[PDB]
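*Asks:* Pasting an experimental structure, sequence included:
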Amino acid sequence: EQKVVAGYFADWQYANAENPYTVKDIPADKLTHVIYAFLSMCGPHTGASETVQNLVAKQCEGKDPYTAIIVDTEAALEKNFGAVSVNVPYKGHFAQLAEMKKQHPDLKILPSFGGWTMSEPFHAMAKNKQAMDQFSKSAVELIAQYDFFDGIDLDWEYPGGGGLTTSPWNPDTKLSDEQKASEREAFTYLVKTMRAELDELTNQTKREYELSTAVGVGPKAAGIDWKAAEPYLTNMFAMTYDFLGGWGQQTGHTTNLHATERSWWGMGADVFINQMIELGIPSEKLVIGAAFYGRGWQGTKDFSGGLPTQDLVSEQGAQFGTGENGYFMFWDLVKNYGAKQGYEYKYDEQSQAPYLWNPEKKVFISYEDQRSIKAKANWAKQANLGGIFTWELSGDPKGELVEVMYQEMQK
């Protein structure tokens with residue numbers, strides 16, 4: 001009767017000049033799961049950066065189409081993050097993950113395949129049963145070789161479109177009804193086949209392996225036949241964030257626990273979780289999403305510091321941020337977007353969500369803190385969910401937000 005407390009680890013953040021974060025910074029004693037982001041497959045990545053396309057090209061020399069691959073092998077296998085006690089033929093993050101598994105044997109560690117920029121190849125793989133067979137077999141062989149891993153996480157964004165190369169708001173990337181139907185059935189086949197390959201591994205090693213997936217909110221969830229797919233799956237990581245952002249003038253909560261009459265389009269984590277349950281995802285498998293960042297706008301109109309409303313708009317997304325514009329890691333908000341910098345902290349009790357208003361500058365920031373995380377964890381318990389997870393760990397290097405997740409979720 002222990003709940004999930006999972007944290008996403010981005011493989012690229014060690015090279016962030018302002019906020020280097022590595023495996024040795026993970027608060028491993030306070031998590032049940034670490035999810036390593038991201039791996040991929042030998043398939044098209046035309047929508048990704050040129051860097052990524054070349055990395056995919058290097059790993060896939062010699063390999064069958066749709067073979068499961070490590071993409072950033074420098075980060076995963078070569079970078080020396082320090083000596084470790086385990087004797088492994090590689091360095092990188094993976095040597096550190098092996099050491100972390102040694103020192104924390106009850107922790108589970110999963111690789112995540114896909115993510116925003118590397119979902120594209122799934123749409124190609126899905127056209128062909130043999131391609132799906134190759135991905136499944138090779139993904140399992142990959143974790144058999146890197147045997148600190150405890151299963152596979154899928155982050156295909158998304159069957160039926162709504163992703164980077166599959167937007168429904170552009171005629172020539174919007175998917176047909178026929179492709180939608182095709183991908184619906186492929187998702188089921190994929191999870192069935194992966195589950196069978198993991199079962200074979202179990203018969204050899206006598207260990208248990210998990211197979212899990214990210215689930216998009218609203219329509220992004222409905223491209224999947226959950227009644228057919230759920231029996232093969234361990235957890236569904238509900239992506240209950242990025243509800244609003246710098247891509248639109250619509251200003252408000254990014255990751256609010258509760259919908260209210262003041263929500264844009266009736267949005268809230270609760271409403272989206274309840275829809276997922278209605279679609280056939282058992283509540284006990286679902287894991288509610290928390291964010292260790294926020295999003296912000298400038299030139300907020302018709303606003304004086306009150307509660308955020310269902311009509312609130314700004315001139316545009318903030319032309320500033322922690323890295324690229326419009327998003328703010330939690331540590332950056334604490335340090336630079338506080339009282340001393342002209343920002344008043346405010347808490348929306350009905351929504352259970354914090355925000356920051358700077359009345360002089362007219363800047364509005366929505367984010368996530370100790371209080372909203374505690375509220376999410378408590379609501380997850382009351383709603384009979386599996387647990388809580390965070391995107392992403394490096395947003396709070398103090399490990400305090402994870403502390404709240406763990407304490408509240410396991411009480």
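*Replies:* Received, thanks. Residues are numbered from 1 along each chain as shown.

*Asks:* Now do the strands in the stretch 151-300 of the chain.
*Replies:* Assigned by DSSP state E, counting those that start in this stretch, the stretch 151-300 of the chain shows strands spanning 151-155, 210-215, 236-238, 286-291, 293-300.

*Asks:* got JSON lines for those strands, with distance to residue 331 and mean neighbour count too?
*Replies:* (C-beta placed from N, C-alpha, C; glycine too.) Below are the strands of the stretch 151-300 of the chain laid out as JSON lines (distance: least, CB to CB, whole Å; neighbours: other CB atoms under 10 Å):
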{"stretch": "strand 151-155", "distance to residue 331": "24", "mean neighbour count": "25"}
{"stretch": "strand 210-215", "distance to residue 331": "25", "mean neighbour count": "24"}
{"stretch": "strand 236-238", "distance to residue 331": "23", "mean neighbour count": "26"}
{"stretch": "strand 286-291", "distance to residue 331": "13", "mean neighbour count": "26"}
{"stretch": "strand 293-300", "distance to residue 331": "9", "mean neighbour count": "25"}
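
*Asks:* so which of those strands gets nearest residue 251?
*Replies:* Closest to residue 251 of the strands of the stretch 151-300 of the chain is strand 293-300 (CB to CB; 4.7 Å).

*Asks:* from the middle of its chain, how far away would that closest one be?
*Replies:* Distance, stretch centre to chain centre, for strand 293-300: 21 Å (CA atoms, centre = their mean, to the nearest Å).

*Asks:* Which other helices and strands does that strand contact?
*Replies:* strand 314-317, strand 327-329, helix 330-336, strand 353-358, strand 363-366 (3 or more CB pairs under 8 Å, 6 or more residues apart in numbering; DSSP states H and E).

*Asks:* Any idea how many residues pack against residue 339?
*Replies:* Residue 339: 9 surrounding residues under other CB atoms under 10 Å.

*Asks:* and the nearest residue to it once chain neighbours are set aside, which of the three is it?
*Replies:* Nearest non-adjacent residue to residue 339, counting by CB to CB, 6 or more residues apart in numbering: residue 345, 7.4 Å away. Following DSSP: H, G, I helix; E, B strand; the rest coil, we place residue 345 in the strand state.

*Asks:* what's near enough to touch residue 345?
*Replies:* With contact taken as CB atoms under 8 Å, 6 or more residues apart in numbering, residue 345 is in contact with 338-339, 354, 356.

*Asks:* Look up how far residue 305 lies from it.
*Replies:* Computed as CB to CB, to the nearest Å, the residue 345 to residue 305 distance reads 11 Å.

*Asks:* same thing with residue 106?
*Replies:* Distance from residue 106 to residue 305, counting by CB to CB: 46 Å.

*Asks:* Not counting sequence-adjacent ones, nearest residue to residue 369?
*Replies:* Spatially, and ignoring its direct neighbours in sequence, residue 369 is nearest to residue 354 (4.8 Å; CB to CB, 6+ apart).

*Asks:* can you map out the helices along the protein?
*Replies:* Counting by DSSP state H, residue ranges of the helices within the chain are 50-59, 73, 92-103, 120-125, 129-145, 177-205, 226-229, 269-278, 330-336, 370-382, 400-409.

*Asks:* Point out the other elements, helices or strands, that the fifth one touches.
*Replies:* Under the contact definition 3+ CB pairs under 8 Å, 6+ apart, helix 129-145 sits against strand 68-69, strand 108-114, helix 120-125, strand 151-155, helix 177-205.
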